[PDB]
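Below you will find one chain, with nothing else, as C-alpha cells; this is the form deposited without the DNA, and questions on how it binds or moves follow later.
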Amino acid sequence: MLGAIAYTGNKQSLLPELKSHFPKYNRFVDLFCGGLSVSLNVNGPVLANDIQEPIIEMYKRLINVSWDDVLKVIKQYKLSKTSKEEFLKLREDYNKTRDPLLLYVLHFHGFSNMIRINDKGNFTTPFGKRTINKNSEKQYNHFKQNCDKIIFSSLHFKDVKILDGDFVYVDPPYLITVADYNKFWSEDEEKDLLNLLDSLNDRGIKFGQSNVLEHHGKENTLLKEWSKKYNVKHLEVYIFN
C-alpha cells in the first residue's frame, strides 16, 4: 500500500504484515506518520502526526488540491528534466512564501524526490534532473481517495494528546539507521518515547512499535532489554502490548 510521497523508512511493503497484529480501536494514531504509507492504509479515524511541520502543512494543503492544480503549477514554472533554473526559481519561491503546494511540486523535481528542510525551514534538496511520471499521479490519487479519515498535526510526539480508546502506532527514526530525519532523534528522545509507551500501557491504551534491534555493526541495546517487557515479532521487529 502506497505512501503519499516517497520516503526513507516507509512501511509500504510491511503494512499488510503489521496490520494483522493491530487491535480494535476508536482512533488510530500514526505518531511519526512520515510519508503516510501507514496512515492512508488503515481503518480510520486517523490522527497523522509528524514533527516536520512543512510536510504536514503540505498534506493539509493537498486535501483541496486537484491533480489539475498540480499540473498548472508545473506548467507555470515550465518544469522538465533539465529546468535547473526554474527549479531553483521554484525553490526560492517556496522558501520565501512557504506555500505548501509549491513544496509538493518541488519534491517531484528534487534529487531522489526527497524533501530536506533545514533549521530556518528552507528546502535544500538539489535539482534531481527529473519531473513527474506515471507513479506520480498514482500516489496522489491514493492520497485523495484515503485522506477523508485523516486529521493532521505537526507536534513533537510528546505534545500529542492521547485519548482513551486509541491505538498508538509508532515508527520513529531508527537510533541505529541512516536517514535525514535522524537529526531530530537522540538516545534522549528514545528514552522518553519508551517511557510514554510504558505510560500508555498503564492507562490501558494499546500501542505498536516498529524498529531495528541490531542493523549492521551497531546495535540498539536499551530497546532489546525494554522490549522483553512486551511481545516482539521478527520481520526489524514489531513490539506491542
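A residue's number is simply how far along the shown sequence it sits, counting from 1.
Omitted from view is the form deposited with the DNA bound, to which the following refers.
Proximity of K81 to the DNA in the entry with it bound: non-hydrogen atoms within 4.5 Å are present. Shown alone here, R130 lies within 4.5 Å of the DNA in the entry with it bound, counting heavy atoms only.
The DNA is not shown here, and in the entry with it bound it never comes within 4.5 Å of any heavy atom of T97. Under a 4.5 angstroms non-hydrogen atom cutoff, the DNA in the entry with it bound has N135 among its neighbouring residues. Proximity to the DNA in the entry with it bound, taken as heavy atoms within 4.5 Å, picks out 122-130 from the listed stretches 98-106, 157-165, 122-130, 67-75.
Looking at 109-124, the one residue that comes within 4.5 Å of the DNA in the entry with it bound, counting any heavy atom, is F111.
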